Amino acid sequence: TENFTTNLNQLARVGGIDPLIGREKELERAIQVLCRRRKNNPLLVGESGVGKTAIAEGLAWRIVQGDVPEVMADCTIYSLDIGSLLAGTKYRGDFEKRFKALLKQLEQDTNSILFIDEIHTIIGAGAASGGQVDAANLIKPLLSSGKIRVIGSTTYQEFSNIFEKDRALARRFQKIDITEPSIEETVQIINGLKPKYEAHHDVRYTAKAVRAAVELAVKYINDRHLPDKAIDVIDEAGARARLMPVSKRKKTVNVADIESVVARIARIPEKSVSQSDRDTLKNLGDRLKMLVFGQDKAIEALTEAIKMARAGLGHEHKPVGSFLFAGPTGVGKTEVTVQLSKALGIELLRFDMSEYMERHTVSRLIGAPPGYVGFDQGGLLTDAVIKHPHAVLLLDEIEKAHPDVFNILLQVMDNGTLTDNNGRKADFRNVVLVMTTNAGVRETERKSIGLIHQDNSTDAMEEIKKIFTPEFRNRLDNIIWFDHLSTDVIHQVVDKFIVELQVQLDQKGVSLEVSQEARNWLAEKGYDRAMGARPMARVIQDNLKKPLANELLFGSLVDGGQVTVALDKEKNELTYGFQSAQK
Amino acid sequence: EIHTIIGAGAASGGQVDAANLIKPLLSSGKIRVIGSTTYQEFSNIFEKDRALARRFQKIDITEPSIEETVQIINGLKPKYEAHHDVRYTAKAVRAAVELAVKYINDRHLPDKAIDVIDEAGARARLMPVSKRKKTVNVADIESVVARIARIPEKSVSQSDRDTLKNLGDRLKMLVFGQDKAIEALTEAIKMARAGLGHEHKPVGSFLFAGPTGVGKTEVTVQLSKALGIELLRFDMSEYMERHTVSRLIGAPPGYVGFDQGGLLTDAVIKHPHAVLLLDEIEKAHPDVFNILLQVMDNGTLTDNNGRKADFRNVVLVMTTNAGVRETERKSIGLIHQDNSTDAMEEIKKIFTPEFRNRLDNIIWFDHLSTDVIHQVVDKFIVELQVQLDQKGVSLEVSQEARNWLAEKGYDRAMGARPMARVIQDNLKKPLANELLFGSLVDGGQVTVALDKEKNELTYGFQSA
Amino acid sequence: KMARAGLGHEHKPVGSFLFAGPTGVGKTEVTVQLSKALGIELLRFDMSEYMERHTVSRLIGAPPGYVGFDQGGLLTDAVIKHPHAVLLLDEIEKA
Amino acid sequence: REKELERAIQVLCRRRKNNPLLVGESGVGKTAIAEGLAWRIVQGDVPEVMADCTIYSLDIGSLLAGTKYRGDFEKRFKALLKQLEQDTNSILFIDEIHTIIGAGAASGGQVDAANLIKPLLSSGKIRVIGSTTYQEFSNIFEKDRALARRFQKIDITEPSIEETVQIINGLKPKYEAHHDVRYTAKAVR
Amino acid sequence: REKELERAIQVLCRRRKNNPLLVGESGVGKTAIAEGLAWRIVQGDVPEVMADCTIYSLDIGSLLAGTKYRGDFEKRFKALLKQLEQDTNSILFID
Amino acid sequence: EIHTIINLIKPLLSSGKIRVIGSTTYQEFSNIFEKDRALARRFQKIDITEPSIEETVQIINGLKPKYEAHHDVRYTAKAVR
Amino acid sequence: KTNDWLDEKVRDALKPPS
Ligand SMILES: Nc1ncnc2c1ncn2[C@@H]1O[C@H](COP(=O)(O)OP(=O)(O)OP(O)(O)=S)[C@@H](O)[C@H]1O
Ligand SMILES: Nc1ncnc2c1ncn2[C@@H]1O[C@H](COP(=O)(O)OP(=O)(O)OP(O)(O)=S)[C@@H](O)[C@H]1O
Ligand SMILES: Nc1ncnc2c1ncn2[C@@H]1O[C@H](COP(=O)(O)OP(=O)(O)OP(O)(O)=S)[C@@H](O)[C@H]1O
Ligand SMILES: Nc1ncnc2c1ncn2[C@@H]1O[C@H](COP(=O)(O)OP(=O)(O)OP(O)(O)=S)[C@@H](O)[C@H]1O
Ligand SMILES: Nc1ncnc2c1ncn2[C@@H]1O[C@H](COP(=O)(O)OP(=O)(O)O)[C@@H](O)[C@H]1O
Ligand SMILES: Nc1ncnc2c1ncn2[C@@H]1O[C@H](COP(=O)(O)OP(=O)(O)O)[C@@H](O)[C@H]1O
Ligand SMILES: [Mg+2]
Ligand SMILES: [Mg+2]
Ligand SMILES: [Mg+2]
Ligand SMILES: [Mg+2]
Ligand SMILES: [Mg+2]
């Protein structure tokens with residue numbers, strides 16, 4: 001039955017499978033089960049990547065090497081292929097003939113074992129008819145008798161929902177739980193496997209590189225398991241060297257190479273930031289200030305927090321930064337957050353919390369639980385952060401949302417992870433969480449009933465404490481209150497708005513020049529402390545956009561031409577002069 | 001397994017089955033045939049074919065008594081003893097039935113007890129190369145049952161014994177204050193290994209309620225690391241809705257998510273000995289508490305599939321923030337009042353009286369004292385030092401500087417978390433600029449001192 | 001005119017005008033005539049129905065795992081079908 | 001798409017689990033990357049190791065067609081895998097890779113293409129490129145933890161406006177020929 | 001339906017993604033527009049490129065019925081696609 | 001009892017070559033016919049209402065000669081009403 | 001008062017005539 005089964009020992013001697021390091025207790029338990037008089041069938045149930053197939057195939061490698069008990073010295077393991085058995089079983093009884101013949105051969109030798117990988121498949125082996133007859137039923141009598149020994153390997157999910165369903169088959173197979181190895185165990189495993197990977201890639205792995213891969217993988221790569229996770233980084237690093245230049249770093253791969261590979265797999269900013277990134281970070285605050293005038297403290301907090309994470313002083317299991325922006329309307333809480341993403345070139349995960357007003361809406365962020373119509377949709381927040389781990393999470397109008405949503409963000413701020421309905425765990429370590437709240441807006445604009453109008457800035461903080469539970473506030477890195485928009489700052493805003501108009505105007509071929517006198521007139525006409533900088537847009541729209549639009553649609557400005565705006569002190573009104581540049 | 005013969009043929013044209021070939025003969029009664037089937041298969045497969053079920057006479061078979069099972073092992077003792085060349089003591093066979101049924105629940109009594117005998121003989125036969133020990137002692141039976149059931153309960157090892165003794169001391173080094181909480185966890189865990197543990201309840205069911213910033217979660221998280229066991233951390237904010245509770249015990253059969261199974265039961269099955277940290281239990285729906293009531297007393301929870309998860313070795317620690325607003329509430333009057341009693345009343349309102357009775361102990365975490373905060377500041381500096389070591393930088397903080405940091409950030413209501421924020425602004429922010437662009441880019445050195453005249457810290461960086 | 005001319009906000013709707021006036025003053029009718037003059041769909045929405053907070057879910061739809069999730073939101077679906085239209089919200093104060 | 005392609009070559013040259021997976025939103029260009037490699041291979045721009053390798057595309061419908069008889073599906077799937085192993089320089093491209101999880105199998109039977117292909121992917125004998133959307137990758141492909149471990153995810157982020165204009169300029173000769181028109185430079189931008 | 005039909009031809013003439021989708025309310029002549037294209041082609045009232053083309057109406061119900069096997073649907077569906085693929089001019093309609 | 005069956009029902013209706021008569025319960029109509037737009041459009045609802053008390057006796061009287069011939073015994077007019 | 005809304009092919013064997 002060479003077509004259906006392959007001898008692991010023969011493969012081990014000439015080619016080899018993998019050197020097995022450790023797992024002494026797991027092998028001893030498996031060997032003890034095989035030596036049992038009855039029901040001597042070990043089942044290596046474990047999580048994916050733990051090494052369920054290494055222990056089963058390692059036994060053959062150990063047997064040829066001779067580091068096994070005397071009873072197992074003559075034992076031979078065969079790897080069954082379910083596909084090969086069903087390759088040509090079109091006719092009735094063909095599969096039974098092949099399967100029965102295979103089991104019969106094992107009984108005659110009485111000194112061999114069968115390794116069925118992904119054993120969950122044989123519960124539903126080829127059965128043309130509806131009858132329960134299948135490989136599991138065929139092998140069930142032999143297992144109880146003890147004539148043959150068959151090793152098994154299946155995941156917890158498959159074993160619990162497929163293998164367990166068959167109570168008779170489960171009884172014969174003695175479950176052996178495989179547990180993920182420790183950090184120390186994994187580094188030793190890589191050292192034993194290092195020669196095999198070094199030869200294929202023609203590289204030499206430094207001791208620091210192997211240790212860093214295991215430690216870095218656990219910290220950033222969470223979905224996979226540690227033994228598989230470390231080998232992936234080590235294997236990928238070797239591949240890069242083969243594809244690197246002819247003689248730059250072929251001889252050895254340093255820790256820096258390992259750090260870069262981990263960053264690409266997890267989509268996290270690489271360690272040892274480049275000079276280009278340093279220039280962007282150094283000028284991040286300066287550039288942000290140009291777009292958003294004033295509110296330097298808010299910009300400093302965001303930039304300083306981002307600088308700490310890249311520097312290597314970031315929180316162990318918390319996001320880069322949690323900031324609650326509270327202030328009067330028009331200050332620029334949303335604008336600074338939006339500009340931060342553009343400056344850093346990272347995706348902006350904008351979530352309008354007004355939509356999630358009711359408690360039931362909380363399911364949208366984490367997905368509906370299993371057994372409901374919304375299971376397939378998943379969680380908007382979890383899916384978004386998974387797609388874009390490095391991003392700015394802008395939860396605008398957070399106060400509008402129900403307090404239930406605040407509870408969901410407790411683990412995000414402290415644990416640094418959120419769990420989806422499907423069970424997937426999101427990573428919030430590299431996301432910048434910014435929450436804009438308009439709490440106390442009514443109080444701050446309100447004028448107190450007294451001879452002296454008390455500043456209501458303090459009052460706003462009281463509503464924040466009432467709206468948000470104390471645990472939520474403690475997890476936050478800081479609450480940055482936007483004080484107000486000064487008159488001098490408003491003058492700059494007029495220039496910024498005119499610049500926005502100029503780019504829009506450039507598309508139509510019209511160039512606008514505004515005199516300094518006209519700019520000052522706009523600021524005084526529309527300056528409102530309570531409304532912030534939003535009225536500036538309205539005065540500019542009515543004063544400048546409305547005349548230009550009429551001329552642009554019908555008039556001299558149909559074809560792009562320069563326009564001049566000047567202030568007449570006698571009339572205290574803007575003077576618009578249009579000059580056609582067509583000819 | 002007579003259920004199989006009902007089918008066995010569906011090929012085109014023949015339209016024949018084994019049951020149909022033998023159906024006339026059975027109806028005639030000339031031939032008599034014995035059969036065996038599982039209860040589920042008989043109701044679902046054999047019962048469907050009324051003709052076969054009508055003819056066959058059902059004979060119920062059920063697990064025998066404890067006394068009857070040990071007798072069976074004695075009867076089967078010559079066979080197993082001959083193969084392994086071992087001899088089992090009378091006490092050993094009795095221990096296997098009692099120990100296996102106590103810890104192994106999925107399997108029925110006959111095979112479950114015999115599985116220990118067969119494995120015990122193999123272990124005794126295989127363990128010594130010299131074959132010095134042929135007989136199977138009662139102690140060996142206990143060890144075999146432990147591995148099969150994955151229970152830590154066994155004779156305490158010298159290596160494991162030492163760690164247990166210093167569990168409280170090590171926890172105190174990481175978590176300062178809250179000695180009552182550490183004592184409760186350490187004493188309960190010690191009892192389980194000693195054997196003075198609840199027969200069908202978890203080793204510990206502790207509810208941790210305290211002010212914000214106190215180390216409730218940290219002690220639970222650090223306990224897992226000190227004991228070298230997995231941490232089954234289940235955030236309970238996600239389970240606010242009633243329908244979400246099914247996720248913990250699995251969706252009912254026939255739905256899209258039935259296959260994935262329960263998240264709590266599967267995790268407990270994968271890690272029998274682990275710390276189950278149910279943080280923010282207050283936020284969870286009342287239905288969640290109902291499930292836990294069964295776990296605390298019965299000791300097992302059945303999922304949609306029907307498998308039972310063993311919580312006997314699981315350390316159940318549920319952190320709660322109930323009555324935390326009262327803790328930070330400032331009472332009217334010249335002198336602030338202790339609102340600890342008010343917080344307990346809120347916990348009593350949220351948690352049913354029956355729930356509290358089941359809990360082993362309710363530990364009210366006290367506010368961090370000034371002395372405790374000084375230790376907290378040092379702990380955070382150690383974490384910063386470790387991060388700096390990765391970049392090749394060494395940080396030395398003077399004693400005067402540490403006291404200054406403690407006073408600036410010490411708030412009784414807020415807790416230890418403000419200390420981290422102070423360290424971030426005062427220490428991490430300057431280092432970050434130097435690390436990215438400055439003397440600390442490579443192989444830096446740092447010194448920190450408090451300017452007594454200016455009452456401001458001084459940061460000295462050496463390129464080195 | 002400003003939006004079509006290319007001098008629009010580029011991130012906000014064409015206009016957000018609150019017409020507050022006495023009954024029978026023409027606030028509702030001017031909007032209806034605007035749609036006819038422009039030949040665009042009129043997304044008439046009576047806000048008197050949304051007297052309480054729970055009714056707001058209808059505008060954006062029910063979340064996953066709740067009844068009526070398949071139905072979707074009337075306001076979101078209406079705007080998607082007719083991008084260029086006049087979104088009238090009568091009796092906004094009563095909402 | 002040099003950075004995206006460069007990572008794919010690194011994954012393909014791995015000793016084990018050398019199966020790159022292209023996960024991105026619809027329209028990003030995952031198929032272009034999988035097929036673009038073949039186009040570059042003919043030109044020779046790819047590295048020397050990649051040179052002389054043939055990339056094939058698997059039609060799931062064709063493989064499952066006329067497989068009613070027991071074992072017909074396994075015969076076709078095991079025949080193709082044998083071909084890839086024998087060549088040693090062929091890379092399979094399975095578009096909409098989530099489909100193999102639900103390939104030909106009986107109602108009760110759990111044997112699928114994913115289970116059959118799982119042993120070969122781990123050993124590294126065959127290289128299999130993949131392409132699937134984020135929704136399908138998380139709701140279907142990731143559920144099969146065993147299969148996901150063998151496949152290495154390669155995140156694809158849609159190109160910027162500046163990057164997109166050059167893509168149109170490179171694809172402009174084909175669209176111009178089909179429509180017999182010339183696109184102005186300003187029109188493309 | 002000149003305006004609606006003209007949009008369809010533009011989509012069909014595209015090099016890639018030349019699959020027009022007709023979305024409308026119930027009983028709006030949605031099916032007639034697709035069927036009408038065939039009638040227009042027969043009378044030679046369509047553009048020269050559209051002329052000499054065949055429109056095929058696929059029946060999902062008939063194809064699904066009678067398979068009773070894993071590969072029956074795939075073989076017939078793949079067979080149908082091969083016929084359309086062989087003739088470049090041929091177009092399919094799926095109601 | 002068409003509701004019991006309801007893939008091929010839709011194609012025959014859409015083709016229109018052969019017209020089909022369908023008897024379904026009022027409860028089943030809402031559950032199946034109303035939910036499916038295609039089935040509802042092709043099928044036309046004909047309301048079949050129970051006859052009045054006077055109508056019911058008349059139906060029995062109209063069919064009474066058939067019954068009397070079958071068993072050769074008759075029922076009084078008072079008895080049937 | 002919210003409400004939650006909860007929400008054929010087999011291979012065959014052929015026998016040739018004897
Ligand atoms: N103790 C070990 N010694 C050496 N290699 C190991 C060990 N444990 C795991 N491995 C590695 O594990 C890989 C083989 O796959 P496993 O970890 O056995 O998972 P698997 O059985 O393929 O998982 P499933 O069943 O497909 S979910 C190779 O990289 C091995 O080198
Ligand atoms: N400091 C500022 N400098 C320049 N433009 C600003 C500033 N603050 C606000 N704006 C502009 O004002 C408009 C609204 O900005 P937002 O960020 O939405 O304001 P905000 O104060 O955060 O709003 P809410 O309603 O209070 S959340 C945009 O056109 C911004 O560019
Ligand atoms: N007693 C403590 N001893 C040492 N560090 C502590 C202590 N309490 C808190 N910390 C520090 O604070 C962090 C741990 O906070 P947690 O214990 O997780 O908070 P928590 O109990 O979940 O908070 P709430 O507000 O009560 S939900 C780590 O940085 C610890 O070092
Ligand atoms: N980098 C690129 N270079 C050249 N053409 C590209 C590129 N990215 C996208 N395209 C074009 O955009 C399309 C990319 O192929 P698609 O089939 O859209 O890929 P896809 O998005 O992976 O597919 P699905 O079906 O959405 S999973 C083709 O029309 C390409 O010509
Ligand atoms: N300014 C107006 N010009 C012409 N007709 C008007 C005017 N104002 C009100 N009407 C009359 O009343 C109608 C509009 O009333 P409407 O604005 O809906 O009232 P309300 O504001 O009380 O809801 C018009 O259709 C017309 O019949
Ligand atoms: N523009 C049109 N020209 C000719 N007949 C039309 C037109 N629009 C509708 N009809 C007639 O009315 C019917 C509309 O139904 P149809 O659009 O096929 O329904 P559905 O979209 O529900 O399948 C057409 O089949 C045809 O008989
Ligand atoms: Mg395996
Ligand atoms: Mg805003
Ligand atoms: Mg806590
Ligand atoms: Mg009105
Ligand atoms: Mg594609």
# chains A, B, ... in the order shown; residues from 1 in each chain; ligands from 1

$ interface_residues --of "chain C" --to "chain A" --cutoff "7 Å" --atoms "only C-alpha atoms" --output "ChimeraX atom specification"
/C:1-2,5-7,63-65

$ residues_near_ligand --ligand "ligand 3" --cutoff "8 Å" --atoms "only C-alpha atoms and all ligand atoms" --output "MDAnalysis selection string"
(chainID A and resid 410 414:415 470:472 474:475) or (chainID B and resid 174:178 209:219 279:280 319:321 368 372:373 375:376 379:380 415:417 420)

$ residues_around --residues "residue 54 in chain F" --least-positions-apart "4" --cutoff "10 Å" --atoms "only C-alpha atoms" --output "count of residues only"
3

$ select_by_dssp --residues "range 66-224 of chain B" --states "strand (DSSP E or B)" --output "PyMOL selection string"
chain B and resi 88+136+204-209

$ interface_residues --of "chain G" --to "chain D" --cutoff "10 Å" --atoms "only C-alpha atoms" --output "VMD selection string"
chain G and resid 8 to 14

$ residues_near_ligand --ligand "ligand 4" --cutoff "7 Å" --atoms "only C-alpha atoms and all ligand atoms" --output "PyMOL selection string"
(chain D and resi 1+25-33+96+131-133+167+171) or (chain E and resi 16)

$ write_last_selection --atoms "N, CA and C atoms" --output "PDB file, in the first residue's frame"
ATOM      1  N   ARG D   1       3.940  48.272  -7.536  1.00  0.00           N
ATOM      2  CA  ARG D   1       3.665  47.203  -6.574  1.00  0.00           C
ATOM      3  C   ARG D   1       4.926  46.393  -6.278  1.00  0.00           C
ATOM      4  N   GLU D  25      -8.967  44.569  -0.125  1.00  0.00           N
ATOM      5  CA  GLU D  25     -10.323  44.900  -0.527  1.00  0.00           C
ATOM      6  C   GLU D  25     -10.488  44.695  -2.030  1.00  0.00           C
ATOM      7  N   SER D  26     -11.739  44.593  -2.464  1.00  0.00           N
ATOM      8  CA  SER D  26     -12.013  44.384  -3.879  1.00  0.00           C
ATOM      9  C   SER D  26     -11.564  45.586  -4.702  1.00  0.00           C
ATOM     10  N   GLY D  27     -10.958  45.304  -5.856  1.00  0.00           N
ATOM     11  CA  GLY D  27     -10.479  46.327  -6.761  1.00  0.00           C
ATOM     12  C   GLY D  27      -9.065  46.805  -6.511  1.00  0.00           C
ATOM     13  N   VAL D  28      -8.422  46.344  -5.438  1.00  0.00           N
ATOM     14  CA  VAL D  28      -7.065  46.782  -5.119  1.00  0.00           C
ATOM     15  C   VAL D  28      -6.068  46.323  -6.177  1.00  0.00           C
ATOM     16  N   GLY D  29      -6.262  45.126  -6.739  1.00  0.00           N
ATOM     17  CA  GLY D  29      -5.336  44.588  -7.725  1.00  0.00           C
ATOM     18  C   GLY D  29      -4.619  43.320  -7.311  1.00  0.00           C
ATOM     19  N   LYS D  30      -5.274  42.494  -6.493  1.00  0.00           N
ATOM     20  CA  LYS D  30      -4.649  41.251  -6.047  1.00  0.00           C
ATOM     21  C   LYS D  30      -4.405  40.313  -7.220  1.00  0.00           C
ATOM     22  N   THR D  31      -5.391  40.169  -8.109  1.00  0.00           N
ATOM     23  CA  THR D  31      -5.209  39.304  -9.269  1.00  0.00           C
ATOM     24  C   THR D  31      -4.112  39.852 -10.167  1.00  0.00           C
ATOM     25  N   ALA D  32      -4.035  41.180 -10.283  1.00  0.00           N
ATOM     26  CA  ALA D  32      -2.979  41.805 -11.068  1.00  0.00           C
ATOM     27  C   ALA D  32      -1.608  41.426 -10.527  1.00  0.00           C
ATOM     28  N   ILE D  33      -1.470  41.379  -9.202  1.00  0.00           N
ATOM     29  CA  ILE D  33      -0.199  41.003  -8.591  1.00  0.00           C
ATOM     30  C   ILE D  33       0.093  39.532  -8.851  1.00  0.00           C
ATOM     31  N   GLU D  96      -9.968  33.323  -5.353  1.00  0.00           N
ATOM     32  CA  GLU D  96     -11.074  33.058  -4.433  1.00  0.00           C
ATOM     33  C   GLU D  96     -10.779  31.775  -3.657  1.00  0.00           C
ATOM     34  N   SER D 131      -5.655  34.507  -3.201  1.00  0.00           N
ATOM     35  CA  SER D 131      -6.290  35.812  -3.353  1.00  0.00           C
ATOM     36  C   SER D 131      -7.699  35.734  -2.788  1.00  0.00           C
ATOM     37  N   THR D 132      -7.989  36.557  -1.784  1.00  0.00           N
ATOM     38  CA  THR D 132      -9.312  36.579  -1.175  1.00  0.00           C
ATOM     39  C   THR D 132      -9.547  37.933  -0.520  1.00  0.00           C
ATOM     40  N   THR D 133     -10.817  38.313  -0.423  1.00  0.00           N
ATOM     41  CA  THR D 133     -11.192  39.574   0.195  1.00  0.00           C
ATOM     42  C   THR D 133     -11.079  39.488   1.714  1.00  0.00           C
ATOM     43  N   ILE D 167      -0.413  53.805 -13.209  1.00  0.00           N
ATOM     44  CA  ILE D 167      -1.025  52.524 -13.547  1.00  0.00           C
ATOM     45  C   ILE D 167      -1.891  52.671 -14.791  1.00  0.00           C
ATOM     46  N   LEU D 171      -1.615  50.890 -18.519  1.00  0.00           N
ATOM     47  CA  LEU D 171      -2.742  50.158 -19.081  1.00  0.00           C
ATOM     48  C   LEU D 171      -3.433  50.924 -20.200  1.00  0.00           C
TER      49      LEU D 171
ATOM     50  N   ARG E  16     -13.469  45.660 -20.101  1.00  0.00           N
ATOM     51  CA  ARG E  16     -13.615  44.848 -18.901  1.00  0.00           C
ATOM     52  C   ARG E  16     -14.813  45.338 -18.102  1.00  0.00           C
TER      53      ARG E  16
END

$ residues_around --residues "range 1-4 of chain G" --least-positions-apart "2" --cutoff "7 Å" --atoms "only C-alpha atoms" --output "ChimeraX atom specification"
/C:65-67 /G:6

$ write_last_selection --atoms "C-alpha atoms" --output "JSON list (two decimals), in the first residue's frame"
[["chain", "number", "residue", "atom", "x", "y", "z"],
["C", 65, "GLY", "CA", -28.62, 40.76, 15.54],
["C", 66, "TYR", "CA", -31.91, 42.68, 15.89],
["C", 67, "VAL", "CA", -35.18, 42.62, 13.98],
["G", 6, "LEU", "CA", -32.59, 35.04, 15.67]]

$ select_by_dssp --residues "chain C" --states "alpha helix (DSSP H)" --output "JSON, numbers by chain"
{"C": [2, 3, 4, 5, 27, 28, 29, 30, 31, 32, 33, 34, 35, 36, 37, 38, 56, 57, 58, 59, 60, 74, 75, 76, 77, 78, 79, 80, 81]}

$ residues_around --residues "residue 142 in chain D" --least-positions-apart "4" --cutoff "12 Å" --atoms "only C-alpha atoms" --output "PyMOL selection string"
(chain A and resi 223-224+422-424) or (chain D and resi 21+23+97-98+101+132-138+146-153)

$ residues_near_ligand --ligand "ligand 8" --cutoff "9 Å" --atoms "only C-alpha atoms and all ligand atoms" --output "mmCIF file with N, CA and C atoms, in the first residue's frame"
data_model
loop_
_atom_site.group_PDB
_atom_site.id
_atom_site.type_symbol
_atom_site.label_atom_id
_atom_site.label_comp_id
_atom_site.auth_asym_id
_atom_site.auth_seq_id
_atom_site.Cartn_x
_atom_site.Cartn_y
_atom_site.Cartn_z
ATOM 1 N N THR A 329 -17.632 74.772 20.366
ATOM 2 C CA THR A 329 -17.776 74.502 18.940
ATOM 3 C C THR A 329 -16.824 75.348 18.102
ATOM 4 N N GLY A 330 -16.240 74.720 17.080
ATOM 5 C CA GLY A 330 -15.346 75.390 16.159
ATOM 6 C C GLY A 330 -13.890 75.453 16.565
ATOM 7 N N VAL A 331 -13.533 74.946 17.746
ATOM 8 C CA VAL A 331 -12.146 75.021 18.202
ATOM 9 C C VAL A 331 -11.216 74.237 17.281
ATOM 10 N N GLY A 332 -11.672 73.095 16.761
ATOM 11 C CA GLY A 332 -10.854 72.290 15.866
ATOM 12 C C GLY A 332 -10.460 70.917 16.373
ATOM 13 N N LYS A 333 -11.296 70.296 17.206
ATOM 14 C CA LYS A 333 -10.965 68.974 17.734
ATOM 15 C C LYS A 333 -10.898 67.939 16.618
ATOM 16 N N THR A 334 -11.898 67.932 15.740
ATOM 17 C CA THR A 334 -11.913 66.982 14.635
ATOM 18 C C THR A 334 -10.829 67.295 13.609
ATOM 19 N N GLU A 335 -10.590 68.580 13.338
ATOM 20 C CA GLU A 335 -9.616 68.968 12.322
ATOM 21 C C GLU A 335 -8.200 68.517 12.670
ATOM 22 N N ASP A 396 -15.919 60.584 17.064
ATOM 23 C CA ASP A 396 -16.553 61.885 17.219
ATOM 24 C C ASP A 396 -17.898 61.770 17.929
ATOM 25 N N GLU A 397 -18.235 62.813 18.689
ATOM 26 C CA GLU A 397 -19.504 62.898 19.413
ATOM 27 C C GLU A 397 -19.717 61.682 20.313
ATOM 28 N N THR A 436 -13.707 63.018 20.616
ATOM 29 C CA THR A 436 -14.142 64.407 20.689
ATOM 30 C C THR A 436 -15.516 64.458 21.336
ATOM 31 N N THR A 437 -15.642 65.274 22.380
ATOM 32 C CA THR A 437 -16.879 65.426 23.131
ATOM 33 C C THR A 437 -17.258 66.894 23.225
ATOM 34 N N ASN A 438 -18.559 67.163 23.125
ATOM 35 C CA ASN A 438 -19.109 68.510 23.229
ATOM 36 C C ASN A 438 -19.823 68.705 24.563
#

$ residues_near_ligand --ligand "ligand 7" --cutoff "7 Å" --atoms "only C-alpha atoms and all ligand atoms" --output "ChimeraX atom specification"
/A:52-53,117-118,153

$ residues_near_ligand --ligand "ligand 10" --cutoff "7 Å" --atoms "only C-alpha atoms and all ligand atoms" --output "ChimeraX atom specification"
/C:27-28,90

$ residues_near_ligand --ligand "ligand 5" --cutoff "10 Å" --atoms "only C-alpha atoms and all ligand atoms" --output "number ranges by chain"
C: 19-33, 90-91

$ residues_around --residues "residue 60 in chain F" --least-positions-apart "3" --cutoff "12 Å" --atoms "only C-alpha atoms" --output "ChimeraX atom specification"
/F:51,53-57,63-68,75-77,79-81

$ interface_residues --of "chain E" --to "chain D" --cutoff "9 Å" --atoms "only C-alpha atoms" --output "ChimeraX atom specification"
/E:13-15,69-78

$ write_last_selection --atoms "C-alpha atoms" --output "compact mmCIF listing (two decimals), in the first residue's frame"
# COMPACT_ATOMS: atom_id res chain seq x y z
CA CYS E 13 -18.74 47.84 -25.28
CA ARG E 14 -16.29 48.21 -22.37
CA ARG E 15 -13.13 46.11 -22.48
CA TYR E 69 -24.97 15.63 -7.18
CA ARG E 70 -21.91 17.67 -6.27
CA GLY E 71 -20.62 18.03 -9.84
CA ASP E 72 -23.85 18.07 -11.86
CA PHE E 73 -24.39 21.81 -11.41
CA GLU E 74 -20.74 22.67 -12.10
CA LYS E 75 -20.56 20.63 -15.32
CA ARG E 76 -23.74 22.12 -16.79
CA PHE E 77 -22.85 25.64 -15.64
CA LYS E 78 -19.32 25.32 -17.03

$ residues_near_ligand --ligand "ligand 1" --cutoff "6 Å" --atoms "only C-alpha atoms and all ligand atoms" --output "list in words"
residues 18, 19, 20, 21, 22, 23, 48, 49, 50, 51, 52, 53, 54, 154, 155, 189, 227 and 228 of chain A; 146 of chain D

$ residues_near_ligand --ligand "ligand 2" --cutoff "9 Å" --atoms "only C-alpha atoms and all ligand atoms" --output "VMD selection string"
(chain A and resid 289 to 295 325 to 338 396 to 397 436 to 438 441 482 485 489 to 490 492 to 494 496 to 497 531 to 537) or (chain C and resid 9)
